[PDB]
């Protein structure tokens, strides 16, 4: 039985209603739950969903050199596959493998409706509206590593902001936007942004274009015999239109706005 690391992140992996009465995999639902079932069926594996203990995507500590999050679970042999909105990045590709993308996305801006912001440049040239991002993820790294003036300016502000503008979870970031009367904006992936825009109370909005262009991949540890089967499975699911059906199912068919 293959251990699948994943993360509680709507609408990828969520608790069922009355999840406490279900056992194992049956506790959970969502895009990545369905994707896990689809891949497992295609490659012929039994699997067990294990929610990442630390609740993180995956970053490397500069001192200890230790990987945390889902990336860590793969690197240290605690999971055999990651099926999650895990961004394909250079630093991760050096330690784990990724399938070709199952979803395409870019970093984006979430505002409380009515906030006078439509671009990164708009955020960077002002201080009346605070902004932040998820901790320990690819978005934070994007800003830390950027050599583009506008993003450098945003990083310089965010890294020194007090109280901290980096959140433990996406939901925390969203909640912060919603309660801050337009005075906090959140930098997050277009996928999560567009999902939240269709959820009650319908008070948030994606503004401007995406900051970058990238993808999520299904990840495996180096040397895994699952690498090629997984890659081919993702491509088959893409070409068969199943990935499109799954996105429509979890984003738009269930839309509330």
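Numbering follows the first chain given and starts at 1.
Discussion item. Tell me which stretch, 49-57 or 62-70, has the higher mean Cα B-factor listed in the entry.
Written reply: It is 62-70.
Fill in: Ranked C-alpha temperature factor of residue 198 among modelled chain residues, by third
Top third by C-alpha B-factor.
Discussion item. Quick check for you: using the entry's CA B-factors within this chain, is residue 237 in the lowest, middle or highest third?
Written reply: For residue 237, whose C-alpha B-factor we compare with every modelled residue in the chain, the answer is the middle third.
Practice prompt. Would you check the entry's CA temperature factor for residue 179 and let me know if it's in the chain's lowest, middle or highest third?
Written response: For residue 179, whose C-alpha B-factor we compare with every modelled residue in the chain, the answer is the highest third.
Fill in: Cα B factor band for residue 222 (lowest, middle or highest third within the chain)
It falls in the middle third of the chain.
Practice prompt. Can you work out whether the C-alpha temperature factor of residue 215 puts it in the lowest, middle or highest third of the chain?
Written response: Lowest third.
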